[PDB]
Amino acid sequence: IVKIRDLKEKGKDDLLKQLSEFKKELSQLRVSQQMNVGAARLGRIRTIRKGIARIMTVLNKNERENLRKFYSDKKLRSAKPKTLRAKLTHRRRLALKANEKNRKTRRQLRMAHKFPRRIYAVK
Amino acid sequence: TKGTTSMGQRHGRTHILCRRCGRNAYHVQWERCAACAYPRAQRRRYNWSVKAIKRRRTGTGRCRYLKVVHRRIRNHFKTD
Amino acid sequence: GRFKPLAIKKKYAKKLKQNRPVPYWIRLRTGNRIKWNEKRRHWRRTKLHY
Amino acid sequence: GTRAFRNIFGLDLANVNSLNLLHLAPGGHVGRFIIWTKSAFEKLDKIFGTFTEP
Amino acid sequence: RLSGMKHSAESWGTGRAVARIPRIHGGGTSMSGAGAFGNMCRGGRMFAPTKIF
Amino acid sequence: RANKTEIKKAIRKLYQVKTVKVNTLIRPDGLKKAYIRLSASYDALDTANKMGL
Amino acid sequence: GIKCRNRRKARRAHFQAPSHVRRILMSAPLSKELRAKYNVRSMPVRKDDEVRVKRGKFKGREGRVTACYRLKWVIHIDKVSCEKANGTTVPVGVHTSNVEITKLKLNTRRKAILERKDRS
RNA sequence: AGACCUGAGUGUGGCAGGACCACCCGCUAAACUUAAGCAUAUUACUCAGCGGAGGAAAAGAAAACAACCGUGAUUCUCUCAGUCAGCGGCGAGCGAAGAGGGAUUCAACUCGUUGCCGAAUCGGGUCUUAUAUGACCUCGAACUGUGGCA
RNA sequence: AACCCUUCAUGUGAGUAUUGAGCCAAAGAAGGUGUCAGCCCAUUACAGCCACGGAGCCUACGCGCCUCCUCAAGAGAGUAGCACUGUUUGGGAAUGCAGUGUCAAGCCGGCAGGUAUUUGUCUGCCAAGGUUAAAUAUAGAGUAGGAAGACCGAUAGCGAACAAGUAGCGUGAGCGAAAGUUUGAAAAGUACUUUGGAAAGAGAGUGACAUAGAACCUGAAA
RNA sequence: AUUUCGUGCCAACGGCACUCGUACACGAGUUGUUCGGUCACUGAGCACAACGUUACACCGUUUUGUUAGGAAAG
RNA sequence: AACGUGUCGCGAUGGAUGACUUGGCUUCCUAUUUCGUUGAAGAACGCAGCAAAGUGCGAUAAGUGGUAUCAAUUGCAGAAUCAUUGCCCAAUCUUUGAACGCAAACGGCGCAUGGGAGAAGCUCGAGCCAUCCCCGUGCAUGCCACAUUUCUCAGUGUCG
Ligand SMILES: [Mg+2]
Ligand SMILES: [Mg+2]
Ligand SMILES: [Mg+2]
Ligand SMILES: [Mg+2]
Ligand SMILES: [Mg+2]
Ligand SMILES: [Mg+2]
Ligand SMILES: [Mg+2]
Ligand SMILES: [Mg+2]
Ligand SMILES: [Mg+2]
Ligand SMILES: [Mg+2]
Ligand SMILES: [Mg+2]
Ligand SMILES: [Mg+2]
Ligand SMILES: [Mg+2]
Ligand SMILES: [Mg+2]
Ligand SMILES: [Mg+2]
Ligand SMILES: [Mg+2]
Ligand SMILES: [Mg+2]
Ligand SMILES: [Mg+2]
Ligand code: NA
Ligand code: NA
Ligand code: NA
């Protein structure tokens with residue numbers, strides 16, 4: 001068995017080694033499955049499969065974290081892989097940005113400043 | 001001889017399975033589907049068969065991605 | 001005959017594996033409603049062609 | 001003054017303004033046991049009027 | 001508004017030794033050749049369907 | 001989806017044996033079966049015992 | 001909040017409840033001695049608890065809870081059993097509202113619940 | 001040899017197609033049926049066919065009504081009105097608008113043109129915690145006119 | 001307790017039922033529990049309490065600092081109009097539009113004013129470029145929630161209360177069912193003896209009931 | 001499209017019969033440098049690109065040496 | 001006599017009726033309300049200890065991760081806050097399909113670039129590894145902007 005809190009600190013080389021041992025142990029379990037096994041040995045197949053998935057989860061997240069840091073600069077902004085960019089709906093990616101939607105001309109700026117909204121009340 | 005005897009003269013086949021929809025409606029000789037009109041980009045849709053339309057529309061299958069994106073919209077794309 | 005595409009061969013393989021009875025332990029579950037496989041197929045009754 | 005008299009099963013509450021006929025004659029049959037508060041009783045002359053008084 | 005009327009039934013005509021009611025098309029279902037569309041038929045449309053107006 | 005050349009290289013890595021021939025077939029249920037003949041310097045019975053057969 | 005003016009909706013919510021909902025629905029009253037001590041009317045039942053049956057064929061029987069069969073809406077009590085034809089002994093299910101709790105298996109989480117529900 | 005005009009190839013960054021289609025916008029477009037027959041008429045500017053959006057769409061700021069003691073963008077509702085308006089083998093049938101009471105409403109703006117200026121504009125690169133309505137540079141676009149003031 | 005008499009037997013499931021005492025109510029609310037439940041369980045409230053919250057929206061146009069910014073002419077041309085043809089409209093000597101031909105004015109301008117033409121007044125507007133919330137639709141759509149009904153009640157109501165657009169049918173476009181697992185509170189789902197190759201029968205046993213024995217509530221007519 | 005093989009089995013099915021079975025059940029079986037196909041040819045023919053038409057491509061042309069008002073050779 | 005007929009008690013055949021109802025139908029309201037080249041909708045093939053259909057999922061395959069709660073899941077196994085349960089931020093996501101390197105009753109065939117394995121051979125068990133083989137990425141058409149340190153061209157077009 002593995003714990004996700006312990007796999008976090010390990011390096012890539014250590015994680016890649018532990019993956020190979022778990023895959024090898026799984027292969028031996030399948031061989032015994034063809035023969036008669038017994039209930040106890042038939043169990044822990046799911047335990048091994050769960051441990052393999054946990055190592056792959058940590059490996060992928062570390063890789064994606066490194067790529068985000070590498071492209072974390074305004075210089076490239078276009079070499080960044082599309083899968084790393086923020087995904088929204090297709091319509092939301094094209095609609096209009098916050099700064100583009102509220103653009104005002106010089107005349108519009110002056111008129112708004114000259115005649116502002118007021119709150120008055122009566123009587 | 002147009003009845004029982006003529007049933008023994010039917011040898012080949014007009015249609016095979018379709019790559020886009022299945023349904024065994026791909027005309028072998030004409031190379032097009034009678035159910036989805038493949039390889040035309042648009043598929044068939046006629047308002048004189050609303051029963052046929054409701055057989056093929058969205059929600060009759062898996063909606064593998066639509067389920068994900070609908071949940072993301074409900075939660076206003078919460079992240080990190 | 002001898003000739004068949006590999007895609008067609010795979011479809012026939014799936015139908016072979018489907019043609020089997022319901023396991024006995026399924027009938028003993030709480031709130032079971034299945035007694036026998038309703039979708040059994042025989043090569044002389046229904047064709048399915050392909 | 002409703003809070004104390006609610007939750008009592010079999011007791012009905014009413015407002016002297018907007019009296020309901022479906023409540024005053026249940027099933028179409030007239031004659032219902034009505035308890036009047038003093039303030040609501042004194043308002044009947046104004047709400048419905050008298051003879052020779054709109 | 002569509003209840004009981006979602007078939008492609010039609011009358012067999014006269015000369016087939018059956019009543020002239022419309023009958024369901026097709027085969028292999030035990031519904032084939034059954035009466036359809038009438039207020040007296042099983043699974044048919046009722047007489048004067050109710051409306052919301 | 002594996003081919004003969006990949007199967008031969010995988011066998012050597014897993015069990016540390018040298019082969020002389022690989023023959024494959026696709027079973028009627030969709031699985032792929034392979035017959036692997038080892039070199040004369042390697043005992044198939046000894047390898048099977050180590051595997052646990 | 002299952003009960004509703006819609007009988008059809010209330011019954012669907014009850015009989016399709018998930019496992020964590022069924023834990024709350026399967027609750028039993030506390031005994032008089034426990035009520036005088038913890039000042040709580042009732043608590044959900046759990047394994048290793050001691051109960052006394054109050055309604056049914058087994059009246060006055062006491063035992064320790066062996067299982068909480070949430071899929072069958074019943075609990076199992078030791079010494080509450082029936083004999084099969086072969087002589088095998090099988091447990092008999094009892095609804096949780098027919099029993100009362102006499103002893104609680106205390107725990108740091110269970111103690112937190114009791115302090116939450118303390119009326120005083 | 002060098003410009004300008006017109007036109008190609010490649011590279012860098014982007015977009016279109018398909019689905020859904022109840023409601024909405026644009027086109028195309030019947031016959032059964034009624035007229036106790038039927039051809040104009042009716043069904044109907046409907047069904048079927050093609051194209052295109054949204055959370056609503058379309059409409060919308062007078063080349064508008066009226067003829068009064070005058071109203072004042074659009075949309076919708078009651079009513080005007082099955083109309084002593086009108087169309088029609090004047091047959092069967094069909095058929096609106098202004099005004100009036102309301103829902104909503106701080107609802108309104110600006111390109112071109114005219115007059116005064118004439119790159120003050122745009123793209124790209126760099127700097128300022130910043131792909132700033134900022135600054136500097138730019139034989140890059142733009143004088144066959146981008147922008148700013150009345 | 002079944003033609004009549006005698007002996008010997010065997011037979012009543014679970015209290016939400018009845019009676020007598022109480023108690024709560026700012027809660028009497030309708031679901032569950034072996035029979036009809038305010039007090040067996042879950043619910044029923046702020047006249048509330050906790051943690052989370054990256055974008056967005058709202059709040060002295062929320063609140064500081066730096067940076068920036070601000071305080072005489074003309075008016076849309078293959079356009080409008082006119083002729084012919086077609087369509088459309090309640091629009092009738094021609095309501096709107098389309099095709100082709102022809103094709104303006106602005107020095108007493110142009111368009112509209114529901115009977116055609118020429119002439120003169122009066123009234124109201126200023127086409128041939130663009131954007132724009134709210135009140136409106138959802139007549140076989142979606143995504144999450146809610147509220148219900150003088151509706152149907154398994155040949156009804158959606159085709160589908162069930163592994164239903166499934167099984168099945170057709171070369172294909174397409175067509176398209178039947179079927180409540182409703183035994184019992186609980187499987188306690190009949191150990192064991194005997195006949196039989198088996199299926200089963202005869203006994204025994206569980207259960208309040210087995211003429212509730214497994215497509216098992218009730219069990220009509222032909 | 002598993003009807004092939006072995007072992008078992010006789011409820012239903014093979015319009016009579018079954019101890020038999022292409023029935024039912026549980027397990028097995030199809031091995032290629034040279035065999036057939038693709039790799040790798042043209043034919044009767046088809047119709048992507050390009051162009052044209054159509055209110056609308058879901059239309060037309062596309063082998064008589066051969067696409068396209070036509071700058072298609074990397 | 002038999003057959004046949006009629007009435008009553010009991011038993012078959014058949015599945016009506018009653019009582020039940022997690023289903024349908026109809027009306028109303030509320031939202032941080034509306035898919036896709038960042039590869040949709042649909043279609044195929046797979047995944048559980050015992051697993052045919054259905055459900056969930058995709059070689060990390062009846063699930064990995066985060067969060068709240070805590071003792072279950074159950075037919076038989078089997079393990080003993082960490083499971084299960086509800087919700088959701090981080091991920092994986094086979095072959096196809098608008099499907100887009102070229103084709104297609106083919107699990108087929110390329111070009112460019114980066115890796116991997118390698119039982120010949122070479123050099124000193126190790127390092128290079130030819131032929132063959134496997135994997136990742138790019139490569140459709142059309143249209144828009146740009147070549148910012150301003151790319152390469154063509155024309156008996158106009159000038160010089
Ligand atoms: Mg014929
Ligand atoms: Mg022939
Ligand atoms: Mg042919
Ligand atoms: Mg075949
Ligand atoms: Mg019906
Ligand atoms: Mg082979
Ligand atoms: Mg489209
Ligand atoms: Mg849409
Ligand atoms: Mg007529
Ligand atoms: Mg007539
Ligand atoms: Mg006629
Ligand atoms: Mg709009
Ligand atoms: Mg009309
Ligand atoms: Mg200008
Ligand atoms: Mg507009
Ligand atoms: Mg039905
Ligand atoms: Mg039906
Ligand atoms: Mg026979
Ligand atoms: Na239409
Ligand atoms: Na004109
Ligand atoms: Na040819």
Side-chain angles (χ1 to χ4, degrees), chain A residues 39-40 42-43 45 52-54 56-57 60-61 74 77-78 82-83 85 87 89-90 106 109-110 113 117, chain B residues 13-16 20-22 25 34 40-41 47-48 50 52 55-56 58 61 65-66 69-70 73-80, chain C residues 5-8 10 12 16 18 20-23 25 28-29 33-34 37-39 43, chain D residues 3 7 9, chain E residues 2-3 6 8 25-31 42-43 52, chain F residues 5-6 9 18 23-25 28 35, chain G residues 1-3 7 10-12 14-16 18-20 24-25 27 29 42 46-47 56-57 68 71 82 84-87 92-93 95 97-98 109:
Chain A
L42 281 174
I45 273 166
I52 283 153
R54 280 208 265 282
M56 305 276 333
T57 283
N60 278 324
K61 172 177 61 81
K74 298 301 156 281
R77 204 218 304 287
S78 35
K82 309 256 166 118
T83 135
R85 292 173 210 189
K87 170 157 210 176
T89 60
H90 174 271
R106 181 170 198 269
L109 289 156
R110 285 156 69 234
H113 163 249
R117 310 184 100 72
Chain B
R13 64 195 292 154
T14 299
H15 296 100
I16 52 154
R20 186 153 89 180
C21 73
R40 184 179 92 201
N47 285 313
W48 42 259
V50 184
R55 276 183 194 117
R56 309 184 277 244
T58 165
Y65 173 70
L66 267 197
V69 72
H70 280 149
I73 291 161
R74 275 187 262 121
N75 294 269
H76 35 85
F77 294 97
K78 172 176 67 277
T79 194
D80 277 347
Chain C
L6 184 49
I8 291 313
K10 296 261 296 303
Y12 271 131
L16 257 164
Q18 262 158 214
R20 87 146 265 193
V22 189
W25 53 274
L28 298 194
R29 279 176 333 175
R33 291 190 39 106
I34 278 156
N37 191 19
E38 277 160 356
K39 281 173 212 186
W43 66 273
Chain D
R3 88 185 254 201
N7 201 69
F9 197 75
Chain E
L2 307 149
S3 279
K6 277 131 114 177
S8 29
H25 286 176
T29 40
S30 114
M31 203 93 215
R42 176 206 186 254
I52 62 180
Chain F
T5 317
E6 280 336 303
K9 287 190 242 144
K18 304 236 189 105
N23 280 354
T24 56
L25 66 101
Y35 299 105
Chain G
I2 294 198
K3 169 152 95 198
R7 179 175 162 96
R11 276 171 58 86
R12 199 178 58 235
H14 178 273
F15 285 114
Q16 299 184 359
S19 168
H20 80 276
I24 304 301
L25 294 175
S27 309
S42 50
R46 91 175 291 288
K47 212 201 260 151
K57 133 139 105 313
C68 278
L71 196 69
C82 174
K84 256 214 284 193
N86 319 342
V92 189
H95 204 269
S97 28
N98 290 323
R109 259 159 216 254

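Quick note on labels: first sequence line is chain A, next is B, and so on, each numbered from 1.
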Classify the nucleic acid contact of [X] as base, sugar-phosphate or nothing, counting any heavy atom under 4.0 Å across all strands shown.
X     : value
C/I34 : base
G/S27 : sugar-phosphate
C/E38 : base
G/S19 : sugar-phosphate
E/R42 : base
C/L6  : base
B/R13 : base
A/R77 : base
G/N98 : sugar-phosphate

How would you label the glycosidic angle of [N]: syn (within 90° of 0) or anti?
N      : result
I/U12  : anti
K/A91  : anti
J/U61  : syn
I/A177 : anti
I/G90  : anti

message: With the six-membered base ring of K/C50 as reference, does the ring of C/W25 sit under 5.5 Å away with planes under 30° apart?
response: yes
field: From I/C41, K/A41, I/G54, nucleotide with atom closest to B/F77 side chain
entry: I/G54
task: Quick one: look up who J/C24 pairs with, Watson-Crick or G-U, both distances under 3.5 Å, and put none if it's unpaired.
output: J/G8
task: Quick one: look up who I/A164 pairs with, Watson-Crick or G-U, both distances under 3.5 Å, and put none if it's unpaired.
output: none
- prompt: Where each residue is assigned the nucleotide of RNA chain H containing its nearest heavy atom, which of A/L109 and A/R106 is assigned the position nearer the 5′ end?
  reply: A/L109
What is the separation between atom [atom1] on [X] and atom [atom2] on [N], rounded to the nearest whole Å?
X     : N     : atom1 : atom2 : value
G/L25 : I/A42 : CG    : P     : 9 Å
B/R55 : H/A19 : CZ    : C1'   : 20 Å
B/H76 : I/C52 : NE2   : P     : 18 Å

- prompt: What pucker does I/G28 show by its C1'-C2'-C3'-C4' sign, north or south?
  reply: south
Tell me whether the side-chain N or O atoms of [X] pair up with the base of [N] as donor and acceptor below 3.5 Å, since no angle test is needed here.
X     : N      : result
G/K3  : I/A42  : yes
F/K9  : K/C133 : yes
B/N75 : K/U32  : no
G/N86 : I/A191 : no

